[PDB]
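As a starting point, one isolated chain is supplied in structure tokens, in the form deposited in one PDB entry.
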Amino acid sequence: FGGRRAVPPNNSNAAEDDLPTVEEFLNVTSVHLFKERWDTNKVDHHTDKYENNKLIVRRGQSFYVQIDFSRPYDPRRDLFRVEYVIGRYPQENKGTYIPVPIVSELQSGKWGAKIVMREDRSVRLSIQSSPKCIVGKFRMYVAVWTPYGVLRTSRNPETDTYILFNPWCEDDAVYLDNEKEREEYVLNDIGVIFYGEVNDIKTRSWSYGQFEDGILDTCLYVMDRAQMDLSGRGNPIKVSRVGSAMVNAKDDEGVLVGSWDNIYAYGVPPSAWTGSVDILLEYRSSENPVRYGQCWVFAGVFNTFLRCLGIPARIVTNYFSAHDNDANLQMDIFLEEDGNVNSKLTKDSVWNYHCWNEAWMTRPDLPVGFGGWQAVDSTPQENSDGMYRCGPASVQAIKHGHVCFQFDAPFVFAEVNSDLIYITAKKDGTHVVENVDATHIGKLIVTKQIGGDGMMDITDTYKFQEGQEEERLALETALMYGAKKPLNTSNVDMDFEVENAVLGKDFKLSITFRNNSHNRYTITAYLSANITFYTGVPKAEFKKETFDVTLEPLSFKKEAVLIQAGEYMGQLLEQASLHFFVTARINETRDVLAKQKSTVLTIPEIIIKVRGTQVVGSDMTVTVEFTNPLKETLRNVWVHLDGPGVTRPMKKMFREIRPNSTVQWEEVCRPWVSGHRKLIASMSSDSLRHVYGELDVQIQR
């Protein structure tokens, strides 16, 4: 017996029922959706880019259709309506079965088709869809009411209509108030990711490829995979919520398998990906998680998902990110009485950088003022529910400390608002808090700018200025709704700068000391440089050195060191990150001075060049060039080319590139998208990876 619910869950846009064709009367002979990509419909609904041959409109906006009948429509003795249905169990009640009534005028916010033209046996309609409509692929019918039952059109796949989110419709939640932001955030399918570190910002390109053939369907499939209730697919919040939860593969469910293990044995290294396109297609193709991804990889894929559906989204990169924060606002560094970092206890690392997504939508479920951008982090960490993605959290609520409001705001708030606490763990077992640094985590938050590949600084959007009461107010409120501060809080200054260097080069480092006091100090400063993964996780202390300083009053003292390429070269991890600690305990006052900086060695680039003709439908030759400036023969050197609208993503491995050898790969491309495009490449050998390169090509036609 089916005793839990009378009608089973309607959670698959792919499944379908069989609507009966029977429940001088007027019977339809043909249906015309003006669905060509040059036509009024797709152009005005901004769905002309999608490599799809079905009508694709946006909710909350009218589109035209033409019904042809057996004989002409006569208002005196005829009743018909268009219907759109979705899922295996459509129900009017649940918005999955939609009868579009014939209306005189179209009413703001309701489904309705108005008879706009009548010629011979044809009726032209202007159909308006509700602005809170379910997003998915709807099946279309025409039903004709007669006095025994209803007559309806037969399953016609050619008329299937996609109704997406509508940033342009001012009555949609997704309503984005500006045409420029809409092109970037919804219509632009090439993105830029910021990596490296706060004082050496790296940039790389990503093919979001949302208009590529098969991506929209994979986006619906991702939802059918989460068995998402069709009745909720029209809520951008729930779509963000359920959708981000599918990015990271929990087991053998989810799009991407996460792994920061530097080898990536049974799959593709995260550094290898050029875009979300092959990933998603691999997912749909295989129906199994795609190995492997990391933060920017999950964020690249999720941004594709959101934009592809019509919710404006962007990727954000925070500098010095307190992930796995557990909503605590203190990251600890343990010092010995000696002034030396205790590496046994000090086990919480800050990420050099951490990307997540931002989704634009209103938040009617919240006090007014909280719409706009909502932070969504597909990279799980412990939240109130367990090991899951976080969000959507209103960036505005996070900025103000109103972290009680869903979803997972205390975690995102702590991701950018934590302090570093320097603590002396004594030889007797006790702990003594030495110093607190309220300016390292979330030092710089960044995302691609609207009119170009540049970087826009968005730090002030997640939080206020350090010191002023606004930041102080946000802090005092957060503390009340989920944020935690478990521990309560000599005239010498220390500081130090490392120097950015090219992979394989030596580099300086300098420590400055300034004693504004009128007494002589003797100190013991210590340097500890570790090889780290981008997450801050340390692998090994490649350089350790002890400094003995003797400051004089009113003195400024600078000391220098040179890290030699050989001290790190056989040990670096992908991304080539290095971390530095300079801790200094004075002697006469037993006080500690501590500082840390990270650095990444600037890594090589791929050379992409073109020749031949650059016109849509026209062959141009593209050459992928890699000059390995290293002293090791590079094994299994996979190279990858992408370029949304110019080429699909492709890969070629070169058995081994020997020292200072350039290898070349030309690929004959035939664009399908005119205008400003971009060629994208990556390279991941068997050791050296996270090597990128791009080429901007102009395609004509």
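So that there is no doubt, residue numbering starts at 1 and follows the sequence shown.
Enquirer: Counting only residues that lack coordinates, how big is the gap in the deposited sequence between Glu23 and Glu24? Pick none, 1 to 3, 4 to 9 or 10 or more.
Expert: Missing residues, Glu23 to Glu24: 10 or more.
Enquirer: Note how many residues of the deposited chain are left out of the model between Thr489 and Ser490; the options are none, 1 to 3, 4 to 9, and 10 or more.
Expert: Gap size class: 4 to 9 residues without coordinates, per the record.
Enquirer: Hey, which bit's got the bigger mean C-alpha B factor in the entry, 368-376 or 336-344?
Expert: Going by the record's values, the stretch with the higher mean is 336-344.
Enquirer: Got a sec? Mean C-alpha B-factor, which is higher, 405-413 or 508-516?
Expert: Averaged over C-alpha atoms, the B-factors run higher in 508-516.
Enquirer: Per the coordinate record, which of the options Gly386, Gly391, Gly452, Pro289 holds the highest CA temperature factor?
Expert: So the option with the highest C-alpha B-factor is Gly452.
Enquirer: If you compare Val239, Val446, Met494, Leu220, which has the highest Cα B-factor in the entry?
Expert: Each of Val239, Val446, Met494, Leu220 was compared by C-alpha B-factor; the highest is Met494.
Enquirer: What third of its chain, lowest, middle or highest, does the C-alpha temperature factor of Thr589 fall into?
Expert: Tercile = highest for this residue's CA B-factor.
Enquirer: In terms of the CA temperature factor given in the entry, to which third of its chain does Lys631 belong: lowest, middle or highest?
Expert: Answer is highest: the recorded C-alpha B-factor places it there.
Enquirer: Would you check the entry's CA temperature factor for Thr662 and let me know if it's in the chain's lowest, middle or highest third?
Expert: According to the entry, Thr662 has a C-alpha B-factor in the chain's highest third.
Enquirer: Relative to the other modelled residues in the chain, which third contains the C-alpha temperature factor of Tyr534: lowest, middle or highest?
Expert: Its C-alpha B-factor belongs to the lowest third of this chain's values.
Enquirer: Comparing against every modelled residue in the chain, figure out the third that the C-alpha B-factor of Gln91 lands in (lowest, middle or highest).
Expert: It falls in the bottom third of the chain.
There is also a form solved in complex with a partner chain; it is not shown, and the following applies to it.
Enquirer: My question is simply whether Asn352 lines the interface with the partner chain in the deposited bound form - judged by any non-hydrogen atom within 4.5 Å.
Expert: Yes - in the deposited bound form, heavy atoms of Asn352 and the partner chain come within 4.5 Å of each other.
Enquirer: I'd like to check something about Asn417: if you look in the deposited bound form, is any of its heavy atoms closer than or equal to 4.5 Å to a heavy atom of the partner chain?
Expert: It does not: once the partner chain is placed as it appears in the deposited bound form, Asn417 has no heavy atom within 4.5 Å of it.
Enquirer: Does the 4.5 Å heavy atom contact test between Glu497 and the partner chain in the deposited bound form come out positive?
Expert: No, no contact at 4.5 Å.
Enquirer: Any of the heavy atoms of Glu625 lying within 4.5 Å of the partner chain in the deposited bound form?
Expert: Result no; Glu625 lies far from the partner chain in the deposited bound form.
Enquirer: Considering the partner chain in the deposited bound form, which of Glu181, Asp224, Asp217, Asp348 comes within 4.5 Å of it through any heavy atom?
Expert: In short, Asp348.
Enquirer: Please tell me which of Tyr462, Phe138, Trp296, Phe580 lies within 4.5 Å of the partner chain in the deposited bound form, judged by heavy atoms.
Expert: By the 4.5 Å criterion, the partner-contacting residue is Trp296.
Enquirer: Tell me, please, which stretch of 608-616, 583-591, 352-360, 447-455 lies within 4.5 angstroms of the partner chain in the deposited bound form when heavy atoms are compared?
Expert: Of the stretches listed, the one contacting the partner is 352-360.
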